[PDB]
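Topology and contacts: notes
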Amino acid sequence: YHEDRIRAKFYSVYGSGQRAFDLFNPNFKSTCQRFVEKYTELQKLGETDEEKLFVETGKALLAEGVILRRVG
Amino acid sequence: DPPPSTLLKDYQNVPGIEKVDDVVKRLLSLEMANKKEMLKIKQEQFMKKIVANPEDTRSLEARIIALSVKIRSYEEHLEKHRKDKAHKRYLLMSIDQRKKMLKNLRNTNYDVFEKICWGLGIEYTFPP
Amino acid sequence: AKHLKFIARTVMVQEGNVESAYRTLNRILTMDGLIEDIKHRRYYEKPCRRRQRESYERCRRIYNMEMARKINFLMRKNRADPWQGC
Amino acid sequence: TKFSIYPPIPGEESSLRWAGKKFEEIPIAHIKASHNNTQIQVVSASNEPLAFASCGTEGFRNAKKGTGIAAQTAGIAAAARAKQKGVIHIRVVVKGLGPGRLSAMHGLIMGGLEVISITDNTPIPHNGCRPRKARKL
Amino acid sequence: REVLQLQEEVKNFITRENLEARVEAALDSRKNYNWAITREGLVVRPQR
Amino acid sequence: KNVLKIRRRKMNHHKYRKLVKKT
Amino acid sequence: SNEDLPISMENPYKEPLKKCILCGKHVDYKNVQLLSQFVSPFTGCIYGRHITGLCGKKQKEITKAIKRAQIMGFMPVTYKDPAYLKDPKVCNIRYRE
Amino acid sequence: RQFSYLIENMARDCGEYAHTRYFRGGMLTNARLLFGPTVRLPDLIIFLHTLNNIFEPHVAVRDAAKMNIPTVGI
Amino acid sequence: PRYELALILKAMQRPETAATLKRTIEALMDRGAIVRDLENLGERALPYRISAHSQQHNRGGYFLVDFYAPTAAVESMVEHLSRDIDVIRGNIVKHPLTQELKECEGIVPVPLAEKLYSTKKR
RNA sequence: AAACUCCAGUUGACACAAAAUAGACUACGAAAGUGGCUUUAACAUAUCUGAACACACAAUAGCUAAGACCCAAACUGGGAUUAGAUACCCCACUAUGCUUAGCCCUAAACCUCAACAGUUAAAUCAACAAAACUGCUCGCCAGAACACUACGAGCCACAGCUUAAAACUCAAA
Ligand SMILES: CN[C@@H]1[C@H](O[C@H]2[C@H](O[C@H]3[C@H](O)[C@@H](O)[C@H](NC(=N)N)[C@@H](O)[C@@H]3NC(=N)N)O[C@@H](C)[C@]2(O)C=O)O[C@@H](CO)[C@H](O)[C@H]1O
Ligand code: FES
Ligand SMILES: [K+]
Ligand SMILES: [Mg+2]
Ligand SMILES: [Mg+2]
Ligand SMILES: [Mg+2]
Ligand SMILES: [Mg+2]
Ligand SMILES: [Mg+2]
Ligand SMILES: [Mg+2]
Ligand SMILES: [Mg+2]
Ligand SMILES: [Mg+2]
Ligand SMILES: [Mg+2]
Ligand SMILES: [Mg+2]
Ligand SMILES: [Mg+2]
Ligand SMILES: [Mg+2]
Ligand SMILES: [Mg+2]
Ligand SMILES: [Mg+2]
Ligand SMILES: [Mg+2]
Ligand SMILES: [Mg+2]
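Residues numbered from 1 in each chain as written, not as in the entry; some residues may be left out. Chains lettered and ligands numbered in written order. Part of a larger assembly, values for the part shown. Heavy atoms only, no water.

As documented in the archive entry, the model was determined using cryo-EM at 2.98 Å resolution.

**Regarding the packing of helix α4 (residues 60-78) of chain B against helix α6 (residues 110-120) of chain B**
All names here are of chain B. Packing of α4 against α6 brings their axes to within 11 Å, and their N-to-C directions diverge by 20°. Taken as axis vectors, α4 and α6 run roughly parallel relative to one another. In this structure, α4 meets α6 at a crossing whose hand is right-handed. Together, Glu61, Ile64, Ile65 and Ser68 of α4 and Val112, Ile116 and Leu120 of α6 make up the contact between the two elements. When the residues that make up the contact of α4 with α6 are grouped by side-chain class, the tally is five nonpolar, one polar and one charged. (Axes fitted to C-alpha atoms, helices over the stretch in contact; angles between N-to-C directions. Helix = DSSP H or I, 4+ residues; strand = E, 2+ residues; numbered from the N terminus. Parallel < 35°, antiparallel > 145°, perpendicular 65-115°, else oblique. Left-handed = near helix turned anticlockwise from the far one by under 90°. Contact = heavy atoms within 4.5 Å. Nonpolar A, V, L, I, M, F, W, Y, C, P; charged D, E, K, R; others polar.)

**Considering the interface of chain A and chain G**
Listed by partner, the interface residues are six residues for chain A and seven residues for chain G. For the pairing of chain A and chain G, the buried interface totals around 620 Å² over both sides, and the portion due to carbon and sulfur atoms is 69%. Among the residues of chain A in contact with chain G, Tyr1, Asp4 and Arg5 of chain A are the three that bury the most area, contributing 67% of the side total. Counting across the chain A and chain G interface gives one residue pair in polar contact. (Buried area = accessible area lost by both parts, 1.4 Å probe. Polar contact = N/O pair within 3.5 Å; in protein donor to acceptor, adjacent residues only side chain to side chain.)

**A closer look at the interface of chain C and chain D**
Accessible area lost on assembly of the parts is the figure often given for the size of an interface. Taken together, the contact pairs 23 residues of chain C with 35 residues of chain D. Here chain C meets chain D over a buried area of about 2900 Å², counting both sides, of which 68% is carbon and sulfur. It is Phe6, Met12 and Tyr44 of chain C that lose the most area in chain C upon contact with chain D, and together they represent 27% of the buried surface on that side. Applying the counting criterion to the chain C and chain D interface returns zero salt bridges. For the pair chain C and chain D, the interface holds eleven residue pairs in polar contact. Looking at the side of chain C that touches chain D, the elements that each hand over two or more residues are β1 (10-12), α1 (18-32) and α2 (34-40) of chain C. The element contributing the most residues to the side of chain C that touches chain D is α1 of chain C, with six residues. (Salt bridge = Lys/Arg side-chain N within 4 Å of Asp/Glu carboxyl O.)

Set out below in structure tokens:
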């Protein structure tokens, strides 16, 4: 899918976070998926470059309180 | 045999190489190179002398010139290495491959066949 | 002859435990192959026989690696029967 | 410090001493463990023969020399002739994969000698001379 | 580009005039081509 | 596979080479 | 039609191909400190690719360099220079135990 | 084996028959001897697992085709 | 082409070592060489005992001479190094810096061989 | 047992021989074949196919001539075993293996699976082995044995190689 490219980059930069998946719950939204939703939403705005779009998506999650510790 | 001072095929074109040091022109000559750099110049001379368009190297005329330079290379290697059976087969096969090119060139364009035989000194002979 | 002595194939003895030094030295010569090389160099092994032995040793390794790789892969299934009675 | 199995290089200075003598000075016990005999010769650091013993010199004949008891007997005979010249610590240099390869090392210890190192100098060529043809026995 | 780079280097090249001087300079310096590598792929230059 | 066809040729050649050495 | 169908794409989750420790480095015959890392310290025998972990192309560069350094008077043959005994161990081989 | 209990109970619940055990060769192609001449074979076999424990097709798949019994399988 | 002369000189004093290098570098120029540099690897202990010119050497000086010369000058210079009494061992090899290193992308995994035997019930 | 006893062991000096490990790699070359180092020359062909004989190559063994010689080693001699032992086991030594220059032209030279192009569907397919096929071309083969023979021809080959029948005989191989 088109969001697999975004996922591959989110895991590499941050990797699976503390939050654990709940596959039983059909309507479960992971931290990465939430990132993709924001990333996709910002694409509709008109930004045409991944690097700026990716960097801008991270900031929004931080404003909402999401924890995004880098592998650093 | 091009003199050892002759510049390489690649470098000669570059501008500003006419006015440089004598040592820089000696490192770019044929004296500090192998035998395969002198064969690239021999092939260049024949093409200008013979073929109308030297740039095209995939033509039958070009292939004969490129293969005739290898034949001379093998004859110079077999004059010192008489017991080298490997390069004695590469020579005899190359003479048979050139005979097939001269037959196909003599059947299509007899005009260039006379030009190549004169330029390279090949006395075409019919098989027994 | 022309190399320095008492460096190659030399092991020092700890607290007079010669047995451990000899076993270590013999493990260095077997892992490196010297032991088997010296046994095949006593009588000349003709090329054809030496090529038949290398092929036998190479096909034995291939088989032994896969058989071991399957034994380590199926050792997880050596536990007790969970559906005892069905 | 710790204990390494690698011999102390002569040049670089170390602290390992045996009876106040450096590793280089320790005498050497050259063992040639063949298939039908086992010769033992103890030498000093300056290549001076001190003792020589073999299964043949101990009164063994033919196939009794290629046993582990004859090599041990030869070690006791060489560890008793060198102990009278002031030899206690030795460097073992075994040569050969014969039966008396390790049994002679025990015999040297049963004569009052302490082994500080075990060196292997078994002739291995990097293809050189051609061995005799294989046998059908 | 290669010709220009070579033209700069040829100046340093040893010549009969500067042969003796260069020899003395070589006898004062030393070049070490020894460098080890770890399991991570990092070069361990010798501290000399 | 066997060598029952080589053994027939084996003796033929041996007997022929042994006859040429006699004559 | 439908927009949820998958698309033809190369694997994005693919991980970069593994590289040997000497990938991108020049193996010289004068660097005996690097060539002694792949030889046994007791016999001087060259280790294989199942021990060194090197690739085919770099394993033959060490072999060719070791044989050239040995016959030129740069590297020993029957043993490993003691000077390079305290260098990082990169070969997967344990003798003592 | 994991679902052997579940299938047997459902078969009883739905008034039908089950066989989650080792298939003795001949249940179908030799029923006359094993059970009797007047035995009636199944008219429909439902395979919830078409493979055996050695990851190979169940013998009943082929034995039901020889006896022209229609099979259902997951 | 560009070569590299791995030269192992006899352990001598500075005045004698410099006279040998100059005598050796002048022989290359006489054969048509264009010396480029003269690196010193330092004096160390040889890995093994070298016997040259009725002399058993245990130490020597390592010097590298990078140069350019025609193909015919290599064989003539190898006979000049065999007669020099102060040259323990000297070998000429093509400079390793004239050999571009192909870029590598990494190790390619190899899948086990398949379809090696017929799928028949032996 | 014979043999050797100017023998053996340590150390040092010292090859026209042969090339541990790497190589769990799978490369080069037409094949034969090629695995120590360096350097030089250098690895045919922009359709395919194409020869017992043309052209050129071809392991080991072997001939001729001149050198070398560590080791190995047909023959031979000695020792032993054995009913015997022209053998297996032990010892010693030679032709030979090596170099140079010519010749010889063979192999289970067999990956016994021709060269080129292509396919994986259909009847998969006697068996075994290394799954089964298609197109195109060259070469070869038609019961066994006689026969890697005889004759003829050709060949630096003269106890040779290549090519290569028939008669008698069987009802199988
Ligand atoms: C089916 N017949 C088999 C066949 O019998 C054959 C057999 O034929 C034999 C010839 O007479 C003899 O001259 C022939 N002798 C020769 N020197 N050529 C035999 O080789 C031949 N046997 C054979 N080819 N197996 O003997 C004959 C009398 C026979 O009975 C004729 O029918 O061969 C016999 C075995 O030799 C089998 O026992 C028979 O079962
Ligand atoms: S992996 Fe790139 S060189 Fe070894
Ligand atoms: K075969
Ligand atoms: Mg017959
Ligand atoms: Mg070798
Ligand atoms: Mg053809
Ligand atoms: Mg024909
Ligand atoms: Mg033929
Ligand atoms: Mg031949
Ligand atoms: Mg010969
Ligand atoms: Mg001999
Ligand atoms: Mg006899
Ligand atoms: Mg001889
Ligand atoms: Mg073959
Ligand atoms: Mg063909
Ligand atoms: Mg017939
Ligand atoms: Mg024949
Ligand atoms: Mg004939
Ligand atoms: Mg005739």
